[PDB]
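Trainee: My structure is below; once you've seen it, I'll send some questions.
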Amino acid sequence: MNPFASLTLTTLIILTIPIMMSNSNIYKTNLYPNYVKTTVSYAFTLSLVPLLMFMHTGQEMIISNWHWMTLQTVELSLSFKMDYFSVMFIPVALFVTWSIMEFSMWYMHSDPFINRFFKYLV
Amino acid sequence: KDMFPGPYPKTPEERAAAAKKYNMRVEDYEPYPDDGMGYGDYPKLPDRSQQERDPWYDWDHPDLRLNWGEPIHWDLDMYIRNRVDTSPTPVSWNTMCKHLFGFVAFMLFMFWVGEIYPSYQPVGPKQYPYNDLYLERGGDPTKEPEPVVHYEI
Amino acid sequence: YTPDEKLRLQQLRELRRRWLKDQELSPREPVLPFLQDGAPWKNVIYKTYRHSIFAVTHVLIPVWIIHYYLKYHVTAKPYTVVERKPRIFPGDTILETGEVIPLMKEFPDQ
Amino acid sequence: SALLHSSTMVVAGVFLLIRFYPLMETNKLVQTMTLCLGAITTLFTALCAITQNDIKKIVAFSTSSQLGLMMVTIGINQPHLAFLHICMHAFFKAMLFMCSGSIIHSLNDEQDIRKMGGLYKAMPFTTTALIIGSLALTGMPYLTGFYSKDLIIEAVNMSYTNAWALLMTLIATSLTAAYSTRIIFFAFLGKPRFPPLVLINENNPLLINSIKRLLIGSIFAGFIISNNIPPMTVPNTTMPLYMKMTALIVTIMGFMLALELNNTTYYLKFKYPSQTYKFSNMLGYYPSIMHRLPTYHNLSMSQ
Amino acid sequence: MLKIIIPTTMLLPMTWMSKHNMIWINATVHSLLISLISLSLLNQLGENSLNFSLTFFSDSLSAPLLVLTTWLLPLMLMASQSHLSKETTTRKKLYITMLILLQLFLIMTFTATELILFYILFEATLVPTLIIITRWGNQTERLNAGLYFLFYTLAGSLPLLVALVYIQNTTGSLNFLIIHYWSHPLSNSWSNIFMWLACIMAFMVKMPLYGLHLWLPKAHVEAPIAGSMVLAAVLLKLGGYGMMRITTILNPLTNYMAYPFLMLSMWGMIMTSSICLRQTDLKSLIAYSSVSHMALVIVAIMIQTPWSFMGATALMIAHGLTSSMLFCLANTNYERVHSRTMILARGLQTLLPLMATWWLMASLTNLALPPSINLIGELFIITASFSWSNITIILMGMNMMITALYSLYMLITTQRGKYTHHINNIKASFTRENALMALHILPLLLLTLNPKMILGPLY
Amino acid sequence: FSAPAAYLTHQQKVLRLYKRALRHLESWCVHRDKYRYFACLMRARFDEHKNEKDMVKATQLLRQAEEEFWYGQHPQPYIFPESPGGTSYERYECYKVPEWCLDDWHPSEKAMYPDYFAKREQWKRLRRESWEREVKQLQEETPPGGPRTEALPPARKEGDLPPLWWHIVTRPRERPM
Amino acid sequence: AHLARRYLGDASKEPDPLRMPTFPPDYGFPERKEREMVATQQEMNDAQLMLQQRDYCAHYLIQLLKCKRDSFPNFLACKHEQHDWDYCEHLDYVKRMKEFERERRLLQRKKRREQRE
Amino acid sequence: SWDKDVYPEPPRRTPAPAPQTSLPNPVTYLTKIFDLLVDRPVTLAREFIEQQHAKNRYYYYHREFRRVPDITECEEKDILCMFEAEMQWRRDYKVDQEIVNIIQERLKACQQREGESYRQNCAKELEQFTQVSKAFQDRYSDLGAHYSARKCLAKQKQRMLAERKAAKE
Amino acid sequence: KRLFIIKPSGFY
Amino acid sequence: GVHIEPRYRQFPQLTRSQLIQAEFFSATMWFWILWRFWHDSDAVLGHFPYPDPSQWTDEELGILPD
Amino acid sequence: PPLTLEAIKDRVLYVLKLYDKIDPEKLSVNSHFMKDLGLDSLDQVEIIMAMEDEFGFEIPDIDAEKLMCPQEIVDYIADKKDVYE
Amino acid sequence: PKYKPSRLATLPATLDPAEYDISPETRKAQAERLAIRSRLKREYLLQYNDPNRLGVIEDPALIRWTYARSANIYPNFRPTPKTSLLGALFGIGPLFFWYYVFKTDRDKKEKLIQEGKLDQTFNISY
Amino acid sequence: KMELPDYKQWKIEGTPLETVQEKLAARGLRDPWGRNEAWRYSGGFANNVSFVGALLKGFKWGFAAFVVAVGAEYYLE
């Protein structure tokens with residue numbers, strides 16, 4: 001139960017790393033699409049674990065980490081609903097995205113802005 | 001000052017001067033009907049989109065498909081290639097509208113008919129225990145539910 | 001083609017081909033003259049080293065940070081990580097123990 | 001188009017409806033509206049796809065029809081079945097789109113099926129992947145699509161349902177089988193129709209590996225997920241045999257009828273288009289009057 | 001509050017006694033410092049306002065606007081450096097002093113405790129604006145534009161002066177605190193109806209109500225870049241702030257008198273967004289977009305619910321920033337091609353890539369893309385109006401759709417397509433313009449992390 | 001391309017219809033053998049009345065064919081990828097940077113391509129010198145009341161270039177990348 | 001089938017799927033013993049079964065859930081337990097199906113009773 | 001840390017692990033790997049940071065405002081009393097908003113925790129939220145964007161007049 | 001053959 | 001890269017790993033289908049026979065004679 | 001695989017050779033279809049169609065009707081594809 | 001059959017009778033049109049291929065189009081009965097329609113609140 | 001450089017284009033482009049499998065592995 005929250009949040013956080021690094025020198029080289037593909041693959045591998053936990057027990061949670069603003073009697077907070085739907089759809093989406101990104105590294109090779117294409121995909 | 005749009009031309013001399021101003025021919029130049037809408041002497045070019053124009057011609061502006069100095073239609077912005085297109089279609093417009101709207105109406109009517117005559121299987125209503133899960137389905141615990149009993153058949 | 005048209009086309013073709021040949025890079029294009037690519041990256045391992053440093057910087061640091069935030073946040077504020085109650089079957093629990101097996105019918109067939 | 005508008009983005013609405021399932025269960029009018037909308041989408045989009053000549057367009061209309069089927073599954077108060085169908089449809093439809101993209105790239109940005117042919121043995125790996133994906137889409141038993149589409153059809157049949165919606169769903173399944181035949185006959189079978197200077201090549205590690213992973217996923221993930229997820233819906237154990245086989249029967253009928261018409265195309269009997277063919281090819285005329293009249297009225301009013 | 005007023009006044013002798021090579025530099029430095037100091041005003045209390053003295057006060061409504069003005073002055077200087085480069089030193093100093101006087105007057109409007117002092121300064125803001133529009137404008141229509149703007153504002157505001165003096169005579173005071181505590185219900189007599197109008201029409205003219213909005217397109221098109229920036233960012237929010245301040249003494253007659261204005265704004269948003277759909281001038285399109293956005297603030301103020309006021313404040317701040325940035329982008333395009341025709345220069349996405357990203361982000365903020373404060377304000381106002389009446393949602397959704405349509409249409413027309421062949425004067429964008437866009441965007445995106453700051457006193 | 005004409009003759013219009021008819025026939029008859037069979041039959045029809053001399057009847061022959069063509073026109077005819085209405089139409093238009101953008105480069109940027117820029121300046125010199133001839137040449141050959149066709153004269157004498165050549169010659173390629 | 005009889009034939013003689021049942025339960029049969037429920041409310045709640053999944057076959061479903069939880073990682077070690085649940089559902093569906101025809105037969109015998117007068 | 005009375009949590013009933021198959025449960029191995037590679041370094045870092053915090057231990061206090069006479073006990077134009085009462089009323093309004101927020105947090109926690117049996121097992125939480133919501137809507141609602149203590153007093157007087165009229169009928 | 005790529009000034 | 005040389009109206013060009021992968025995966029799909037059908041033919045056909053309505057008797061449905 | 005001038009010439013001559021109405025032996029680079037060969041306007045249209053469907057790019061009608069010489073076709077294709085060698 | 005054209009689907013050039021007029025007058029008209037077009041193109045290309053131009057080739061046509069759309073509307077406006085009636089029905093018509101709709105909705109809501117027949121169980125945010 | 005195949009090896013003999021030529025000869029016409037379109041029916045492009053053959057691709061080894069795998073279960077249980 002304790003590893004569940006960490007893994008579920010990391011699977012989403014890791015996807016933001018290529019966006020952050022797009023300001024660095026990696027974005028200017030030809031290694032960026034491969035870095036993006038590897039990041040997505042690692043994200044899928046990490047997302048497999050919460051799916052295994054759910055299959056084993058049925059672990060479903062809600063992570064209301066950041067409190068954004070409270071409008072009198074209404075509290076709006078950054079909350080993620082980690083349930084059957086999310087925990088199962090995340091690995092499928094990441095797997096498809098990984099395959100698509102490899103197929104794009106092949107297909108969109110000639111494009112002058114392939115780094116932009118991969119960044120938009122992420 | 002004389003190369004700006006002016007009032008609606010009235011004399012044939014004004015109609016020739018306006019035609020010369022807009023780089024047109026006097027015979028071809030036709031201003032909008034002077035109904036007071038404020039069009040003025042601006043020509044009423046044919047109401048055809050920028051998609052009908054010859055795509056193989058070497059236009060001064062390729063995407064807009066226009067030539068420098070050529071008079072610009074009043075509704076150019078509406079008639080650009082990114083917007084309303086008046087190019088001819090294989091099927092006549094009336095036929096397309098008739099077929100589309102008839103198909104939609106037929107679908108809606110048939111769905112209404114199917115609602116009148118729904119599809120179902122030859123089985124009784126599925127029964128549940130505890131008076132149809134009265135308490136489970138947000139029921140009042142204080143009030144005792146009406147007895148719902150299902151027998152073995 | 002009229003003769004003037006053909007001659008103009010030929011001359012334009014000559015000029016266009018000259019321009020296209022001009023649009024060709026020389027044997028070199030001078031690139032401006034890398035401490036991180038010196039001693040750190042002379043011939044550093046392009047295998048295990050890279051595939052491990054990437055894994056670290058992309059999963060291990062984020063997971064450490066998120067887990068530490070899940071020490072800063074979860075038990076410091078109520079109703080922040082609400083886990084669905086684990087399903088309870090006719091089995092033994094942990095803290096209090098106990099169990100109640102249900103009365104069972106019998107149908108070996110199917 | 002393979003990532004967003006095939007597997008992940010276009011299912012956002014279906015996932016939104018799935019998310020609010022405990023609320024839609026209480027209401028009844030909304031369920032009927034979802035069911036009717038889904039049936040309309042399935043029938044219309046499949047009918048449009050049958051006479052499309054652009055492979056990407058055919059696959060897009062297939063995505064639309066599958067989304068309509070998911071909406072129908074929502075209308076039958078079967079949300080988890082719709083989610084499972086989303087999961088499987090992502091798997092096989094992304095692979096279908098990737099195969100289409102491989103075909104396009106190999107033939108130098110050619111997307112019209114009429115100028116593609118004889119690719120069965122010229123591109124064996126993409127041919128295999130396309131065949132497997134089409135079989136999964138058409139609910140071939142014990143594939144990824146079998147654990148979703150077959151169960152959806154079975155549930156729809158054994159439920160209190162709008163009859164015409166059920167009829168439209170069955171016809172839509174037949175037409176899915178039909179357009180699948182189209183993307184095989186006019187693309188891989190027959191004699192080549194692409195221009196000379198053949199540049200067909202697919203021995204790229206990236207393309208092969210991606211399509212291979214999606215193949216493994218479109219073959220076995222269905223079984224794995226179905227056997228691993230907890231049961232969330234009462235199964236339709238007993239059902240009339242003919243109703244139990246309806247899905248396969250309709251798929252076979254669609255396969256046979258489409259292939260028959262595909263063979264008749266060879267016959268030197270050039271005719272003129274029928275009204276129905278024009279209706280289908282022109283997408284029911286919908287993106288011709290609804291994209292000209294409302295837009296013109298709004299813009300002219302604004303001006 | 002003098003910690004901000006005194007340096008603003010001292011900006012004038014500083015610029016007047018500065019070398020001809022240092023007016024812009026010194027002005028920027030010390031305007032930015034003044035904004036940094038005014039950032040301290042955001043520490044508002046939960047219930048009570050910050051009463052500095054008898055004359056000046058600030059609450060969670062005044063502080064965001066003050067910060068916006070103090071932040072916008074340097075941006076105006078940076079935007080106006082370009083075209084005012086061949087002007088003589090004295091006229092450059094005069095322009096800078098006009099901007100400084102406008103900023104000072106705006107600060108003293110947003111901080112005034114007396115309604116009549118607020119009126120005096122909020123009408124004093126006309127003179128620097130009018131001069132800026134009619135003296136440094138480029139076209140020949142700047143003279144008519146200045147008259148339209150000036151006369152619309154004055155014809156709206158003079159009955160407000162009469163009503164304020166009448167209220168002073170009858171109630172004994174015009175202080176905001178006293179007029180808020182000693183508040184009394186207005187009867188349904190004709191006299192109260194006309195007092196309500198006199199108090200309302202003045203601010204309805206300022207934030208352009210549909211029908212009284214004809215001055216805004218002329219003013220925003222014919223004025224220089226800095227003038228358009230203030231007119232769009234602060235001079236429109238003046239009316240909203242005044243209405244939110246005065247609605248305290250206009251109840252409960254508003255419940256029945258707000259219907260004409262509510263309907264006018266809820267239809268004018270659609271009408272002006274449709275007008276934007278069919279505009280040929282970039283600045284005119286931006287001005288009509290501003291009208292459409294301010295219609296929502298008018299609705300929110302006229303509904304008088306806490307969510308409506310929060311959405312109104314958020315939308316005011318967000319719209320000010322977005323409109324200022326859009327006008328700056330249009331100014332850059334104009335300074336490049338020397339024409340405001342939208343269809344003139346095309347395919348700018350291939351010649352100016354970073355400017356294209358700035359256009360994209362500005363348009364996304366304009367169409368209320370989550371989680372921007374634009375969307376926060378729009379959604380709060382939409383929820384408030386839906387609670388007011390469920391039918392409102394149709395107009396709100398149509399307005400959102402048309403806003404997205406015309407914003408993306410502007411993006412496609414300007415920063416997309418095939419480049420204009422004959423145009424050859426498009427040089428690489430300067431560091432100054434990119435810095436201006438960055439300073440417009442970054443606070444806007446950062447405010448989404450702490451939206452509570454700009455959500456008004458009812459948060 | 002080539003300069004157009006004020007009108008299309010009956011010969012030109014018939015040929016234009018013929019190409020459209022065969023291309024639409026290709027779209028309908030997907031199979032190559034099937035198309036070739038009906039292509040000759042189409043060719044026969046365009047040769048049945050080729051020798052018809054009555055232009056009134058010849059125009060009437062055209063009219064009936066166009067009406068037949070429009071009704072038998074394929075709703076979704078095949079379009080070449082790099083053609084108007086094609087899937088790859090204007091696809092690389094966002095990469096065609098005009099040549100004058102190179103003059104705005106920073107000297108450091110120009111320092112990385114010395115040979116290209118040096119050769120580029122020679123092209124600028126050629127345009128600057130030849131322009132006066134082109135201005136002169138156009139005036140001479142042009143009829144007094146301006147031109148009446150878009151066709152431009154070639155380089156009549158030596159040491160001269162076709163007038164108005166720069167943009168046609170220095171145009172961006174089809175795949176600038 | 002039965003749909004055609006209620007739509008093309010005698011609708012009155014065909015049972016209404018929604019109004020079913022109409023005839024009294026004990027009517028006809030000399031006596032009808034009620035249906036026993038093996039699972040208790042607490043067990044189904046502690047098992048967090050879905051409301052639609054709380055029919056009479058709930059106990060078999062609970063056993064299947066327990067085996068699935070315990071047999072992990074082996075996800076193919078519950079064929080017997082799965083077969084137990086679906087067979088019960090077949091029994092219930094057959095029981096429900098009989099109810100439909102009881103309604104039809106009682107309707108026709110009512111029509112015979114109607115025609116008797 | 002938080003008072004469990006304010007935020008009630010039911011006792012945790014977690015089923016015991018009773019495997020029947022002999023296959024190695026990958027979940028257990030993955031959890032051990034996680035506890036070795038993430039938990040241990042995170043716990044060590046938290047231990048270090050908590051030691052550093054305990055080295056410099058300082059306090060902050062909860063400001064307490066004494067009760068002030070309400071708007072009811074306030075003369076017509078007594079601006080000082082009115083200001084005091086208005087500030088106290090605004091503080092009470094904020095406190096009641098936070099009370100409603102706490103009740104809503106309880107309701108959300110109950111809804112998530114109970115899983116598929118939330119409808120029956122959160123009736124008490126729903127009842128508490130209904131009571132608090134009705135009370136809040138009676139007190140703080142329809143006041144408008146320019147609410148004041150005088151306006152609540154007026155609404156309460158209107159409600160009490162309605163109650164008297166109902167009682168006398 | 002490596003062909004020169006015509007780009008707008010990206011230095012600024 | 002010209003490891004796969006282009007062509008003309010001549011016949012196409014192939015390699016070994018490509019054909020091997022295609023045939024292997026097609027055979028794997030068919031093998032999976034056959035294996036699952038042999039093990040789990042119930043899913044396609046049915047596990048429990050659909051009961052025969054008319055077959056049931058009146059007393060069985062609790063019905064008395066007219 | 002960029003097209004070269006000689007490759008384009010070879011392919012054009014290939015297409016012309018595969019035309020039975022043109023005898024390959026007398027076929028040359030400068031074989032004017034109207035004058036040297038017996039090809040009429042319809043034959044010109046058909047050969048232009050063959051060239052455009054062999055190279056996979058359409059030739060405009062106002063350009064198609066003015067090719068005649070096969071070398072004209074070769075150089076026009078080289079212009080469209082920007083072949084300078 | 002025959003093709004019926006509309007405003008959104010114009011008559012194709014092939015099915016247009018005017019495309020087939022070979023009368024010398026029509027040919028002369030086409031010649032004049034081509035002459036005007038070629039003169040304009042020549043001027044534009046002379047300004048466009050000039051190596052001494054470092055600005056924008058101002059287009060009088062675009063300027064006239066912009067002026068006529070914005071600045072020439074009112075001076076050429078005459079308050080005819082058609083214009084006045086259209087202006088009224090498009091300006092105050094929708095306003096009164098929306099006022100009626102919203103007023104009726106608000107009146108219904110207020111009536112339901114007054115009689116207590118409207119449920120507001122959890123309406124604590126407005 | 002691509003070695004262009006000899007243009008004389010393209011013949012309509014046996015190819016389905018020949019059937020078209022015979023029918024055209026019945027009407028007194030001759031196909032003028034059969035040789036240019038004959039490569040599509042020649043070489044390795046001459047024999048594509050049927051629709052049923054395409055779907056049954058790999059069924060030979062699939063059935064072979066299935067029988068072998070089935071024997072293993074029956075043998076070891």
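The chains in the structure tokens are called A, B, ... from first to last as shown; in each chain the residues are counted from 1, and the ligands are counted from 1 in the order shown.
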Could you pull out the alpha helix (DSSP H) residues of range 94-144 of chain F from DSSP and send them as a PyMOL selection string?

Mentor: chain F and resi 107-110+114-141

Trainee: Write the residues of the preceding selection, restricted to C-alpha atoms, as a PDB file, in the first residue's frame.

Mentor:
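Contents of out_8.pdb, freshly written:
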ATOM      1  CA  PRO F 107      28.329  37.396 -38.600  1.00  0.00           C
ATOM      2  CA  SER F 108      29.168  34.443 -36.357  1.00  0.00           C
ATOM      3  CA  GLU F 109      26.463  32.449 -38.148  1.00  0.00           C
ATOM      4  CA  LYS F 110      27.839  33.556 -41.518  1.00  0.00           C
ATOM      5  CA  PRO F 114      32.199  31.162 -45.633  1.00  0.00           C
ATOM      6  CA  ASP F 115      32.312  29.440 -49.024  1.00  0.00           C
ATOM      7  CA  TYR F 116      28.530  29.537 -49.453  1.00  0.00           C
ATOM      8  CA  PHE F 117      28.155  33.187 -48.447  1.00  0.00           C
ATOM      9  CA  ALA F 118      31.116  34.212 -50.610  1.00  0.00           C
ATOM     10  CA  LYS F 119      29.465  32.529 -53.595  1.00  0.00           C
ATOM     11  CA  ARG F 120      26.167  34.116 -52.547  1.00  0.00           C
ATOM     12  CA  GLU F 121      27.642  37.625 -52.746  1.00  0.00           C
ATOM     13  CA  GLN F 122      28.719  36.904 -56.325  1.00  0.00           C
ATOM     14  CA  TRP F 123      25.082  36.098 -57.107  1.00  0.00           C
ATOM     15  CA  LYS F 124      24.045  39.409 -55.537  1.00  0.00           C
ATOM     16  CA  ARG F 125      26.577  41.242 -57.713  1.00  0.00           C
ATOM     17  CA  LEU F 126      25.182  39.558 -60.835  1.00  0.00           C
ATOM     18  CA  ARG F 127      21.631  40.616 -59.969  1.00  0.00           C
ATOM     19  CA  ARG F 128      22.695  44.182 -59.152  1.00  0.00           C
ATOM     20  CA  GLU F 129      24.538  44.672 -62.455  1.00  0.00           C
ATOM     21  CA  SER F 130      22.106  42.846 -64.746  1.00  0.00           C
ATOM     22  CA  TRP F 131      19.042  44.630 -63.341  1.00  0.00           C
ATOM     23  CA  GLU F 132      19.609  47.802 -65.377  1.00  0.00           C
ATOM     24  CA  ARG F 133      19.712  45.761 -68.589  1.00  0.00           C
ATOM     25  CA  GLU F 134      16.518  43.931 -67.613  1.00  0.00           C
ATOM     26  CA  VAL F 135      14.729  47.220 -66.896  1.00  0.00           C
ATOM     27  CA  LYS F 136      15.986  48.580 -70.218  1.00  0.00           C
ATOM     28  CA  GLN F 137      15.201  45.392 -72.155  1.00  0.00           C
ATOM     29  CA  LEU F 138      11.619  45.126 -70.896  1.00  0.00           C
ATOM     30  CA  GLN F 139      10.829  48.704 -71.933  1.00  0.00           C
ATOM     31  CA  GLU F 140      12.047  48.100 -75.494  1.00  0.00           C
ATOM     32  CA  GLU F 141      10.167  44.867 -76.177  1.00  0.00           C
TER      33      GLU F 141
END

Trainee: What lies within 10 Å of residue 59 in chain L using only C-alpha atoms, ignoring chain neighbours under 6 positions off, as a ChimeraX atom specification?

Mentor: /B:67-70 /E:344 /L:44

Trainee: Go ahead and save the residues from that selection, with N, CA, C and O atoms, as a PDB file, in the first residue's frame.

Mentor:
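That gives us out_20.pdb:
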ATOM      1  N   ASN B  67      -3.708  37.985 -57.049  1.00  0.00           N
ATOM      2  CA  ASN B  67      -2.651  38.709 -57.739  1.00  0.00           C
ATOM      3  C   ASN B  67      -2.570  40.135 -57.213  1.00  0.00           C
ATOM      4  O   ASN B  67      -3.586  40.726 -56.831  1.00  0.00           O
ATOM      5  N   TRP B  68      -1.353  40.674 -57.180  1.00  0.00           N
ATOM      6  CA  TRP B  68      -1.152  42.048 -56.741  1.00  0.00           C
ATOM      7  C   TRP B  68      -1.900  43.011 -57.651  1.00  0.00           C
ATOM      8  O   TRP B  68      -1.778  42.946 -58.877  1.00  0.00           O
ATOM      9  N   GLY B  69      -2.674  43.909 -57.046  1.00  0.00           N
ATOM     10  CA  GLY B  69      -3.460  44.873 -57.777  1.00  0.00           C
ATOM     11  C   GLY B  69      -4.827  44.384 -58.203  1.00  0.00           C
ATOM     12  O   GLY B  69      -5.680  45.205 -58.562  1.00  0.00           O
ATOM     13  N   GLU B  70      -5.059  43.077 -58.174  1.00  0.00           N
ATOM     14  CA  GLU B  70      -6.366  42.546 -58.522  1.00  0.00           C
ATOM     15  C   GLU B  70      -7.394  42.971 -57.476  1.00  0.00           C
ATOM     16  O   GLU B  70      -7.107  42.934 -56.276  1.00  0.00           O
TER      17      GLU B  70
ATOM     18  N   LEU E 344      -2.213  40.908 -44.526  1.00  0.00           N
ATOM     19  CA  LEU E 344      -1.055  41.430 -45.246  1.00  0.00           C
ATOM     20  C   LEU E 344       0.154  40.516 -45.094  1.00  0.00           C
ATOM     21  O   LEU E 344       0.668  39.983 -46.082  1.00  0.00           O
TER      22      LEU E 344
ATOM     23  N   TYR L  44       3.969  44.416 -60.600  1.00  0.00           N
ATOM     24  CA  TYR L  44       4.301  43.722 -59.362  1.00  0.00           C
ATOM     25  C   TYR L  44       5.653  43.030 -59.451  1.00  0.00           C
ATOM     26  O   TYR L  44       6.418  43.049 -58.487  1.00  0.00           O
TER      27      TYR L  44
END

Trainee: Residue 65 in chain K: which residues within 9 Å, counting only C-alpha atoms, same-chain residues fewer than 2 positions away excluded, as a PyMOL selection string?

Mentor: (chain F and resi 12+15) or (chain K and resi 41+44-45+48+60-63+67-68)

Trainee: Write out the residues from the selection above, keeping N, CA, C and O atoms, as a PDB file, in the first residue's frame.

Mentor:
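Writing the result to again_8.pdb gives the following:
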ATOM      1  N   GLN F  12      -7.891  22.810 -77.205  1.00  0.00           N
ATOM      2  CA  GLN F  12      -7.364  22.736 -75.846  1.00  0.00           C
ATOM      3  C   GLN F  12      -8.398  22.172 -74.877  1.00  0.00           C
ATOM      4  O   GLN F  12      -8.075  21.344 -74.017  1.00  0.00           O
ATOM      5  N   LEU F  15      -8.817  18.355 -75.237  1.00  0.00           N
ATOM      6  CA  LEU F  15      -7.701  17.647 -74.617  1.00  0.00           C
ATOM      7  C   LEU F  15      -7.805  17.677 -73.098  1.00  0.00           C
ATOM      8  O   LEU F  15      -7.517  16.679 -72.427  1.00  0.00           O
TER       9      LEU F  15
ATOM     10  N   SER K  41      -2.497  14.863 -80.931  1.00  0.00           N
ATOM     11  CA  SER K  41      -2.721  15.531 -79.652  1.00  0.00           C
ATOM     12  C   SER K  41      -3.148  14.542 -78.570  1.00  0.00           C
ATOM     13  O   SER K  41      -2.701  14.630 -77.421  1.00  0.00           O
ATOM     14  N   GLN K  44      -0.173  12.706 -77.451  1.00  0.00           N
ATOM     15  CA  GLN K  44       0.601  13.558 -76.552  1.00  0.00           C
ATOM     16  C   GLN K  44       0.012  13.548 -75.146  1.00  0.00           C
ATOM     17  O   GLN K  44       0.738  13.441 -74.150  1.00  0.00           O
ATOM     18  N   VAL K  45      -1.313  13.658 -75.050  1.00  0.00           N
ATOM     19  CA  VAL K  45      -1.974  13.637 -73.744  1.00  0.00           C
ATOM     20  C   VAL K  45      -1.702  12.314 -73.039  1.00  0.00           C
ATOM     21  O   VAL K  45      -1.388  12.272 -71.842  1.00  0.00           O
ATOM     22  N   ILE K  48       1.904  12.047 -71.844  1.00  0.00           N
ATOM     23  CA  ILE K  48       2.090  12.896 -70.670  1.00  0.00           C
ATOM     24  C   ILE K  48       1.509  12.218 -69.436  1.00  0.00           C
ATOM     25  O   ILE K  48       2.102  12.245 -68.351  1.00  0.00           O
ATOM     26  N   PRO K  60       0.954  20.110 -65.098  1.00  0.00           N
ATOM     27  CA  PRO K  60      -0.229  20.924 -65.400  1.00  0.00           C
ATOM     28  C   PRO K  60      -0.586  20.886 -66.878  1.00  0.00           C
ATOM     29  O   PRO K  60       0.265  20.673 -67.743  1.00  0.00           O
ATOM     30  N   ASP K  61      -1.875  21.100 -67.158  1.00  0.00           N
ATOM     31  CA  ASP K  61      -2.366  21.045 -68.533  1.00  0.00           C
ATOM     32  C   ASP K  61      -1.716  22.113 -69.404  1.00  0.00           C
ATOM     33  O   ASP K  61      -1.329  21.845 -70.546  1.00  0.00           O
ATOM     34  N   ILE K  62      -1.589  23.338 -68.885  1.00  0.00           N
ATOM     35  CA  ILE K  62      -0.977  24.409 -69.659  1.00  0.00           C
ATOM     36  C   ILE K  62       0.510  24.181 -69.877  1.00  0.00           C
ATOM     37  O   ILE K  62       1.107  24.820 -70.748  1.00  0.00           O
ATOM     38  N   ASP K  63       1.122  23.283 -69.108  1.00  0.00           N
ATOM     39  CA  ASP K  63       2.489  22.841 -69.349  1.00  0.00           C
ATOM     40  C   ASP K  63       2.550  21.543 -70.140  1.00  0.00           C
ATOM     41  O   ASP K  63       3.468  21.358 -70.943  1.00  0.00           O
ATOM     42  N   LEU K  67       5.124  20.112 -74.416  1.00  0.00           N
ATOM     43  CA  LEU K  67       6.351  19.346 -74.229  1.00  0.00           C
ATOM     44  C   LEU K  67       6.925  18.882 -75.561  1.00  0.00           C
ATOM     45  O   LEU K  67       8.039  19.275 -75.929  1.00  0.00           O
ATOM     46  N   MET K  68       6.172  18.054 -76.288  1.00  0.00           N
ATOM     47  CA  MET K  68       6.586  17.546 -77.594  1.00  0.00           C
ATOM     48  C   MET K  68       7.903  16.782 -77.507  1.00  0.00           C
ATOM     49  O   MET K  68       7.908  15.549 -77.472  1.00  0.00           O
TER      50      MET K  68
END
